[PDB]
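*Asks:* Once you've seen the sequence and the experimental structure below, I've got questions.
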Amino acid sequence: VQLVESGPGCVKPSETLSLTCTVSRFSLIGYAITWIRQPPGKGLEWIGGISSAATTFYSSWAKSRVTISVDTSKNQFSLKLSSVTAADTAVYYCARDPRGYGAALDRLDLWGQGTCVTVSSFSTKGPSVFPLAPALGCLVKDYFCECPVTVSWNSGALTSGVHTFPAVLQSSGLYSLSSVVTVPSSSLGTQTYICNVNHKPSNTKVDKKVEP
Amino acid sequence: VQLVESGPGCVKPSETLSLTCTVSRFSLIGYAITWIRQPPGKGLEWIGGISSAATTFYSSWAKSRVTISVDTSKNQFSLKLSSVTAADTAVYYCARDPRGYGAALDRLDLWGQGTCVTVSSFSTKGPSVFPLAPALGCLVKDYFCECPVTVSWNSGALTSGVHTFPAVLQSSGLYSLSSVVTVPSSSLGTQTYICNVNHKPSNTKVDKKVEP
Amino acid sequence: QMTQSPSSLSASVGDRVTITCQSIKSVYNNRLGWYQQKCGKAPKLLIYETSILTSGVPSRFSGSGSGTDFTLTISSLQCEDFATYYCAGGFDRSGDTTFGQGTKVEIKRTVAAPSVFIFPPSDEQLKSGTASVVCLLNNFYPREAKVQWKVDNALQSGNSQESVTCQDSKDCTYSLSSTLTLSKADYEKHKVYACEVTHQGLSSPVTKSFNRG
Amino acid sequence: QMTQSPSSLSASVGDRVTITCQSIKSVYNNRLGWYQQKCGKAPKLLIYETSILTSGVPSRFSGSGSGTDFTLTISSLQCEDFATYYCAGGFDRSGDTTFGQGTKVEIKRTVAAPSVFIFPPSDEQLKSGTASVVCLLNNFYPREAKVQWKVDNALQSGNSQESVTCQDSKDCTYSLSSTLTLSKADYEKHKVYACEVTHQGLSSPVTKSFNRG
Amino acid sequence: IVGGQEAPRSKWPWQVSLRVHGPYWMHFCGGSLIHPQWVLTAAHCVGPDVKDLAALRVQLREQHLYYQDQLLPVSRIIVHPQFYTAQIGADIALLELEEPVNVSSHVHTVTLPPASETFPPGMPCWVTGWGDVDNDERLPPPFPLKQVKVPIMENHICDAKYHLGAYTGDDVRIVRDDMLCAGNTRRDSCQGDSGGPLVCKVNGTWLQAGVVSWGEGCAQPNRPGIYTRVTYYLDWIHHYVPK
Amino acid sequence: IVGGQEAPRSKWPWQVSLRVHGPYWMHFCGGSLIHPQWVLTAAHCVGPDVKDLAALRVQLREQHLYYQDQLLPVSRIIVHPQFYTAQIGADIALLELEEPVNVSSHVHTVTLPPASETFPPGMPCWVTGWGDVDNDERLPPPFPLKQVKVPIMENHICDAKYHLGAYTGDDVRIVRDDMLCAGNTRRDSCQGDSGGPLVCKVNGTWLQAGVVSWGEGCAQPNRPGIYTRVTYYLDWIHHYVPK
Amino acid sequence: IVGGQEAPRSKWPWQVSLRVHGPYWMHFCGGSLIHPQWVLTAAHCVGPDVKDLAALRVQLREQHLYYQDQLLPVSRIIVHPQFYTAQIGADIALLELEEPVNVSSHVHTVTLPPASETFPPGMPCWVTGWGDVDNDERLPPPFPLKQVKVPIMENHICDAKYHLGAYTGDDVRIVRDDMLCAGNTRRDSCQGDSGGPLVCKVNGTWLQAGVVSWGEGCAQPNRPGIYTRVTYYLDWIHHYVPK
Amino acid sequence: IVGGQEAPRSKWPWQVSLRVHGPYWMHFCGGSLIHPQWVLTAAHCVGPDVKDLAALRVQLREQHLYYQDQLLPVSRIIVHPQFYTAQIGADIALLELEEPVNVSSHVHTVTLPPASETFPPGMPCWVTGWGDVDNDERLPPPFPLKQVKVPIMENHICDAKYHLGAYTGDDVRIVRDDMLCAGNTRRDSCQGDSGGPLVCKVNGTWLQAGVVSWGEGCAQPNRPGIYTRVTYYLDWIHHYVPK
């Protein structure tokens, strides 16, 4: 029983950001939803919420610009934020209050996995991906709109020993990321060791084999 | 839902060994029990069993000397072995067949924790226990009839990092054992670090504090 | 508005720690909660209504407080307790509710020297006129590591970046990836390449290298 | 009567292994099972009736066979797969049923030098005229370690014993405790005491010592 | 409700349904809206053991259960300190709503009686609810709000009837003074009406005389229903509800 | 068993009870001991889906269920390959006991008929079991083995009765030839007697004519009980059971 | 319906509810309006035994059961002459309404397929009903019409799956040719959906491929639901329904 | 009985089973034989409403319910005049047998305590019965008499525990002085043990300390079982039973 966010991932300034949150089984009848924001490096800030009675509550600043709504015909909750600006770049979460209160933060029992939103003037760009010679690893480089990047190895069957590193800005203003595993020398070849990569902000999916 | 063995732990030659096995909830009605033996360093050998129908089966050698029985008034199964000799030294287990077959080994789903039995002419003797100076550890030494020895630290609250070593024969024909933990230097004193020891074949219970 | 203290703390496996949260006003009617956020994940509720433990949470955690001042306390640090922690509370109905600033908890454990590797630029980079050389440190402790880059014994400066995992849920160590960027026209200028880790768990600098062809 | 093969095997974490069991006769009607025994514990049933997986067992294990020949197979070695394994089967009803001899499975992992310690005889031993000096190796790999005892640079011989844990469920390393016995009358003869581990993960012997008072 | 009709679509704007969590938000108890933020109900619906407020919701007047729900959250529960079981007394409780209610032509508060009112026999009183329609019979799947007009009995005449066919000595008071009796073999509250209001039309105004509390089965001979007498508890109610 | 008495303490030494695991080893189906190692029963008690033998036990003749149990384990289940549902046919099955049974003055095997026997109407036949005593009524807590003597009908007369009050076209055969009909509105098998034996006394010897299989309720008008006709399956039985 | 959503308020104008008399007119079976005076349904909902028409009513499309009912009377029931049980086949029936229905933007007839249509796998098909939502779980008290999109299987692949984990010999055909298979462990019809339509969108037009008939539980592994194949019975339907 | 073993075949010769008429003489309540013509039991098993004596029987000690019954008729029922419900007190009653009982090695009377006995904590006390074995679990079909040894609590410590997790004000006494507390989360009486004896071994002699009366569920945390304290009622008992 879980929530899922959805959102555009990348937006330009002055558009309106729209987010949705969907409940995967059981209805929503009887429950409140709140929207929480986490700017990079900051802690958590509260946007607002809607009670089980359909009353909406908004934090101090959000009242000027935010609307929260529910559509029982779609099993969805929706957040809309007008006139977005760069300072709105954050991870956004939806969470449930089991008491149905519209404005409380002490008992958020169930959370979505979060959605990251970037406000920027730039274009998206798809990444390049290169193998790294066998420890062994894989590298993905120079992409932009970073958050929805995902790495997986042998369709994920190499569940174990996989590290992955925080992306860093190249001086070119583009992000790069690396993925690594440690393995016994005999396991070489024995395993397929496929680096699989996708970057949702450019609809990109790509794959590569690793070898010496 | 579990079995428990019981037994004397130490016996002399030519007595009869008696063992019992008890089922802790739910009755036994409908179920078979088998007795399995494991000599030191050997694998597993099958003694015999009793079916849900109360038919008894015995392995080739056991037929000369063994009796298996059930007493519903006590919720117990019992094994008796006559004329014991040193070669009978082993761990003994009771295990359940869920089909109620009296003579099958392919589906022993539920096992007792086992009981160790030593056949010897010697006397039992209680151990001495000495602290070991702070890594830190504890040592117990020169005891006999070894199997039911148990070590526990701070009533067991030091659940973590505790190692314990296989007992070895001193040339004096008596067993010794050691117990060790690794800890950060600041944790010293902060914790009680009590070595608790008991040796059931001499009814002994003893405790000691550790300090530099 | 609320304060949470300390902003960070650092304690040994097995040990006990406490975290405090205070307010100018008083929670409405026991409306205060504690959340655990691990790196890369949504927050998890631990304690609600001052002291009720959430199901499936191990009884290591406990909490108490008095309308204006509240404490969260562990009985014993495990490795996976590495996380940030937040208080949250509500001071009325319909209005003033907020989170605290958060607290970062570090596990301390047996020191370990980094496992060191180095890698040449692979094919496709050279086919694009770019290059990048990777040097890697694993499972070290503490974080105080410094890597020099040296090329044909020419100490390098700038042109390089580092990234570090959060501390592991299970081993409680971490890995660090360092990379030196280069053009193809400068990669061909030099043949022998080395990186040299300094780490508090080493008696000296130790160099690991390869050479171009 | 049955045979099980191989008697031992040694494979890397992540990898796949297979174990075979054979018979002179044929199992009665799919009556064959596989058990896992860890050090210091009763056997656990894994597979019964040739191929049915027991609940709560991870689907890494699989088994198949043909009346006379049977195989148990892992999909991927974890650390806690360290154990002995036995086939068992029945060739009629009421009669001929037996276990196999068993197979021992070793995890291979990143080598590690032993963590070394040494300890003086404590009070109560001296109050009994006995002594014992403990030297300790932890979490090393492989098992090939040798410890010399040296006292006032006089190499010791005999008078000492070693004991080793089984390989850990979780770290898959092990610890070894070595102890040198002595009388009080000989403990007072010598002042400086040393133990010196040789291990395949060391560039040399390394000595750790203390001195009497 | 045993006997009686379906209720007109504008006749008891103060009726409340209490819902418990499960596979659906099931009705289990009644109440009445007495102030825009307060609901009056029976103690045995919510105590004596403490309940998690996550499991509870309030639903305001609607003609049919479940058809168009708007579940209000509850901020606090208050049970009279002297309650342990219904037969002993003090079976009265208060719910405080998280959010206040807009009074509207569909939803309006009932009025509490002055402490001097006695409600003698012969007055016109009604009880309303969604409870069982007969001794073992659930209300059928459309679930309309039902109503019935009941008679009132003096306490001593009611206490005497409860002694008929019982071993209890007739010195031992069964119906206490904080209680009230109503109904007969054709007309009664029943299971699931508990906590609902009993109202009487006095001098043109509807007053809540009682709360459905307990009884020895539904519509059984010589067993009138027992109601908590609201006038007995006015001082306790006005310590929390803003008059 | 609908109608009929309790059974003498020595009258059906071949009756078997089938037990399923749970909070206790509950009776769910009947059978008969036909060879010291084989039990004959209905297919729909054990199939068409495969069962874990851990969940099953056999109990031999006893006057009262549960009172003094000695649960035998089962080594193998054999269901006729052509069985999917009872109304289609081949509702017959075999259980092989792990351990053979000592024939004794309390426990003896029933005899199977010769392939030429037809069991015409008028013969004296009985059915015995621990099933429900009326259409929705469980057998009471002492649980005695009951017996009733039933009449036999020819198949075509039975098939005709099943068409009374039904939409089924009377060209469409309901009662097949591997089936047999017995009973009436006063005397029948019922739920939980399934798999039990139907026996007839021929020339002084008890023969098993049938196995309780299916019917449209218990003792209902124009709905005799349907039994699997044992003579139809002798060749299949003797392929496993040592004659 | 296991899985799936609530249905839009204009998506299956042909859906029918069958009601049985009792304490209230309870839903027990589905159907579809195929002609302004004819309803198509499953035979096992109404036969094989004859029913008193006093006990039956039809209710046309409504979003929520019971909330706004308009019970139509039934003039005649027609069951296929070859039906006795579902597993054998011919599980199909017709109801003739007393009064014809005004076709309207809320109520319109479904179209029957041409005899040549086969409905191969990969087509988009849905089943709709008010039946149980999980294996033992009643549909909750608001009672909305649910819908789910199911996959289609070829008969031989379906028959093979039914043999997995069964004693039945794999020469013995379980799924006959007058039948059709659909669904999987996440998506199925269930109890109380019986008799409902299965529809597929072919060349922009909705055609009724099947009628919910039988299955081995809801959403169980290797047990797809079985539907009566409508094209097999067109000649029988057109003998009563005016084309 | 929650927890505990089965009982030796000679250990509580005073245990009584109360039977109610129906499809069979079903066990519903316990008692103890205190005089060859008198049974002691709980009031709530038989009152407060008067019962027809035609519907009641007594059965003396037997190892298994129903297997060998000898139902004794009852001549008179006496309920304490101050009883209406258990939580209020005086939950005690007497049955007078029509025919006196032969004292025998299988059946002997329990002894009542002297008025000065208090039964402080630490004493060895047992409760015995045929009631449910867990919170919703009936005793399985063999129906053995079960026994468990319980701890004793002082009343004030027991009253305090009943206030944990409750809205009741801790000035309001729940456990009265005519009551006694015993048991814990692993060991308790349960439904159908009501009216049974609680006995303690004092100075080698078994004395009946209490009668199973009421509690908030079986084995629940901070809810010990409540027993009627026999010493409080000795003067009332000796007004009818010949000492």
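*Replies:* Nice, thanks for sending it over. Numbering: from 1, shown residues only, chains lettered A, B, ... in the order given.
*Asks:* which residues in chain E form helices?
*Replies:* E:155-163, E:234-237 (DSSP state H).
*Asks:* mind checking which of the ones you listed is nearest chain D?
*Replies:* Ranking those by proximity to chain D (CB to the nearest CB) places helix E:234-237 first, at 55.5 Å. (Each C-beta comes from the backbone N, C-alpha and C, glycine too.)
*Asks:* Run through who's touching that closest one.
*Replies:* By CB atoms under 8 Å, 6 or more residues apart in numbering or on different chains, the list of residues contacting helix E:234-237 from outside reads E:34, E:40, E:80, E:92, E:94, E:112-113, E:115.
*Asks:* and with 7 Å instead?
*Replies:* The contact list for helix E:234-237 (CB atoms under 7 Å, 6 or more residues apart in numbering or on different chains) reads E:80, E:112, E:115.
*Asks:* List the residues that contact the last one.
*Replies:* Looking back up the chat, that one is residue E:115. E:231, E:234 are the contacts of residue E:115 under CB under 7 Å, 6+ apart.
*Asks:* That one and residue F:101, how far apart?
*Replies:* According to CB to CB, to the nearest Å, residue E:115 stands 84 Å off from residue F:101.
*Asks:* what's the answer for the second one, then?
*Replies:* Summarising the geometry, the distance separating residue E:112 from residue F:101, computed by CB to CB, is 80 Å.
*Asks:* thinking again about what came up before, just the helices of chain E: most buried one?
*Replies:* Ranked by mean neighbour count under mean count of other CB atoms under 10 Å in any protein chain shown, the helices of chain E are led by helix E:155-163, which reaches a mean of 16.
*Asks:* ok now that helix, how far from the chain's centre?
*Replies:* 21 Å (CA atoms, centre = their mean, to the nearest Å).
*Asks:* Show me what it is in contact with.
*Replies:* E:170, E:173-175, E:177, E:181, E:222-224.
*Asks:* tell me which element the residue nearest the centre of chain C is part of?
*Replies:* Residue closest to the mean C-alpha point of chain C, counted by CA atoms, centre = their mean, is residue C:166 at 3.5 Å. For residue C:166, there is no enclosing helix or strand under DSSP states H and E.
*Asks:* That one - nearest residue in space that isn't next to it in sequence?
*Replies:* residue C:39 (3.7 Å; CB to CB, 6 or more residues apart in numbering or on different chains).
*Asks:* can you give me the helices in chain C?
*Replies:* According to DSSP H, the helices that chain C contains are C:123-126, C:184-187.
*Asks:* Near chain E, which residues of chain C? Just list them.
*Replies:* C:29, C:93 (CB under 7 Å from any CB of the partner chain).
*Asks:* which neighbours does whatever helix or strand residue A:141 lives in have in its sheet, and in what orientation?
*Replies:* Secondary structure from DSSP H and E places residue A:141 in strand A:136-143. Here strand A:136-143 is paired, per DSSP bridges, with strand A:128-132 (antiparallel), strand A:175-181 (antiparallel).
*Asks:* which residues does the residue in chain C positioned nearest to chain E contact?
*Replies:* Going by CB to the nearest CB, chain E is nearest to residue C:93 of chain C, at 6.0 Å. Counting by CB under 7 Å, 6+ apart, residue C:93 touches A:103, C:28, E:75, E:98.
*Asks:* Excluding sequence neighbours, find me the nearest residue to residue 205.
*Replies:* Since you didn't name a chain, this refers to chain A. Residue A:205 sits nearest to residue A:198 (CB to CB, 6+ apart), 4.5 Å away.
*Asks:* Chain E was what I was after
*Replies:* Here the residue nearest residue E:205, using CB to CB, 6+ apart, is residue E:111, at 6.2 Å.
*Asks:* what number of residues lie near that neighbour?
*Replies:* 14 (other CB atoms under 10 Å in any protein chain shown).
*Asks:* okay but it is in contact with residue E:203, surely?
*Replies:* No. No contact is recorded between residue E:111 and residue E:203 when judged using CB atoms under 7 Å, the distance being 11.3 Å.
*Asks:* for whichever residue of chain C sits closest to chain G, phi and psi?
*Replies:* Residue of chain C nearest chain G, by CB to the nearest CB: residue C:55 (23.6 Å). Residue C:55 has phi and psi values of phi -60, psi 150 when expressed as degrees, to the nearest 10.
*Asks:* Look up how far residue D:10 lies from the residue of chain A found nearest chain D.
*Replies:* Nearest to chain D, among the residues of chain A, is residue A:184, at 4.5 Å (CB to the nearest CB). Distance of residue A:184 to residue D:10, computed by CB to CB: 12 Å.
*Asks:* and what of residue C:207?
*Replies:* 34 Å.
*Asks:* give the contact list for whichever residue of chain A sits closest to chain B.
*Replies:* Residue nearest to chain B within chain A (CB to the nearest CB): residue A:160, separated by 23.2 Å. Residues near residue A:160 by CB under 7 Å, 6+ apart: residue D:14.
*Asks:* Please name the residues that touch the residue of chain A most remote from its centre.
*Replies:* The centre of chain A is farthest from one residue, residue A:186, which by CA atoms, centre = their mean lies 37.3 Å away. Contact partners of residue A:186, counting by CB under 7 Å, 6+ apart, are residue D:12.
*Asks:* distance of it from chain H?
*Replies:* 55 Å (CB to the nearest CB, to the nearest Å).
*Asks:* do the same with residue A:71
*Replies:* 40 Å.
*Asks:* Might you report the residue contacts of the spatially closest residue to that residue that is not a sequence neighbour?
*Replies:* Using CB to CB, 6+ apart and skipping the chain neighbours, the partner closest in space to residue A:71 is residue A:78 (7.0 Å). Going by CB under 7 Å, 6+ apart, residue A:78 touches A:18-20, A:69, A:71.
*Asks:* Repeat the analysis, applying 10 Å as the threshold.
*Replies:* A:6, A:18-21, A:33, A:35, A:50, A:67-71, A:94 (CB atoms under 10 Å, 6 or more residues apart in numbering or on different chains).
*Asks:* how about the helices in chain A?
*Replies:* Using DSSP H, helices in chain A cover A:187-190.
*Asks:* Tell me which residue is most central in chain E.
*Replies:* residue E:196 (2.2 Å).
*Asks:* Tell me the spacing between the closest residue to chain F within chain C and residue B:59.
*Replies:* Closest residue of chain C to chain F, CB to the nearest CB: residue C:55 (27.6 Å). Separation of residue C:55 from residue B:59 (CB to CB): 49 Å.
*Asks:* More neighbours: which of these two?
*Replies:* Ranked by neighbour count (other CB under 10 Å), residue C:55 and residue B:59 place residue B:59 first, with 19 against 6.
*Asks:* Grab the nearest non-local neighbour of the more buried one.
*Replies:* Closest to residue B:59 by CB to CB, 6+ apart is residue B:46, at 5.4 Å.
*Asks:* Test my guess that the one you found contacts residue B:35.
*Replies:* Yes. Applying CB atoms under 10 Å, one finds residue B:46 in contact with residue B:35, separated by 7.8 Å.
*Asks:* Quickly list what's touching both of the two.
*Replies:* B:58-59, B:62.
*Asks:* near chain G, which residues of chain E?
*Replies:* E:22-27, E:64-69, E:133-134, E:137-143 (CB under 10 Å from any CB of the partner chain).
*Asks:* are any of these buried, and which?
*Replies:* By neighbour count, with 16 or more other CB atoms under 10 Å in any protein chain shown, the residues of chain E next to chain G hold E:24-25, E:27, E:64-67, E:69, E:133, E:139, E:141-143 as buried.
*Asks:* Can you list which of those are found in strands?
*Replies:* With DSSP state E as the criterion, strands contain residue E:27 from among those.
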